[PDB]
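One chain comes next, on its own, written as C-alpha cells: the form deposited in one PDB entry.
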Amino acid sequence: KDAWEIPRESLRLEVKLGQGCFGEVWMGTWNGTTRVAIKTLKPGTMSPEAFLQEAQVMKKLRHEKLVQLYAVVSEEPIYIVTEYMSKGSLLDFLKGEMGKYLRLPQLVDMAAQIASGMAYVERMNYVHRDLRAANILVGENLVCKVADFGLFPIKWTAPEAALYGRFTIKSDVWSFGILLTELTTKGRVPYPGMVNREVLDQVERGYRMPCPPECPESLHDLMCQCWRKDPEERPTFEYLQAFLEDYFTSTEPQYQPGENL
C-alpha cells in the first residue's frame, strides 16, 4: 500500500555482495532491465518495523551524491532496493587495483563529491554518524555516493561523540577529515599502529595525524580544521565542498603529479 512497493517476482537476486547479522546485500535486477542493489532482512533477526525505518529515512532523502532508494518489498521477507554502484565500496576501490592509478586530482574530486552529499545531509538537518570510506560507494566515471551499511569505529569518530554521545553534523565533519586521510593513503587504516585506547587518549591530548607522504600541506591543513577540538569551529560541509571543488585553482595552482599522489 505504497508507491514504493514492488511485486516480489520483479526482483531477482544474482550475486551476494555482503553478509550481516541482520541480513545480506545482493546485486540483482529489477523488472528484468535495471541493475539494482538489494538489502535483505533475516526473519527473526531484528524487528521488521526497526529494519523498515531505514527505508522510511531513504524515502525522504534524494540527492545525486547519496545512494538512491528505488523500491521496497515491505512485508516479511523484507527487501530494500537501491541503485547499483558498480565499483563497490570506496575502501575496497582504494585498496585494490585502481589505487595505483588514482592521484591527487581524482582523490580530491572524490572527496568533493562526498562533501556535496554530506552538504545535502547538513542542509536537511540529518546526521550520518558513521562516515568513512567503508560507507562510500563508487560507480562509473569515479562517481562517489554516501551510503550507510550499519557497520566501534573509534578511529573515525569525533572525541565528543565517542566519549559523550554528542553526534552532530560537526562530528561528521571530523569523520570527513579522517576520510581525507583514507583517500590520501589509498585506504590504510588511520592512526597506523595505534589501538583504540591509544587513539582516544592521544587525540584528547591534542595528537593529530601528520601530513601523509606527498600530500600537500594545504590539504592536511583542511584535515586539521575538521579535527578542531571545538565542534563549532570545524568547517561546514558547504565550505568543504567549495574548497575541494576549487582546490587546484585557488589552493594548489602549481600542483605537479608525483609517484603516488
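Throughout, rigid core stands for the largest set of C-alpha atoms superposing within 1.5 Å between the two forms. Each residue number is its position in the shown sequence, starting from 1.
There is another form of this protein, the form deposited with a partner chain bound, and it is not shown here; the text below is about that form.
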One residue of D148, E83, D109, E160 in contact with the partner chain, assessed in the deposited bound form (non-hydrogen atom, 4.5 angstroms): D148
Heavy atom within 4.5 Å of the partner chain in the deposited bound form - the one residue of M98, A134, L142, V127 that qualifies: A134
Residue contact check: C21 to the partner chain in the deposited bound form, 4.5 Å heavy atom: yes
Heavy atom of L13 within 4.5 Å of the partner chain in the deposited bound form: no
Non-hydrogen atom contact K65 with the partner chain in the deposited bound form at 4.5 angstroms: no
The partner chain contact in the deposited bound form: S116, any heavy atom under 4.5 Å: no
Option from 23-31, 213-221, 198-206, 54-62 whose residues, in the deposited bound form, bring a heavy atom within 4.5 Å of the partner chain: 23-31
Core-aligned C-alpha movement of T168 between this form and the one not shown reaching 2 Å: no
Core fit, then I178 C-alpha moves 2 Å or more between this form and the one not shown: no
Core-aligned C-alpha movement of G44 between this form and the one not shown, 2 Å or more: yes
Residue pair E54, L13 - Cα distance in the deposited bound form, closer or farther (3 Å or more): farther
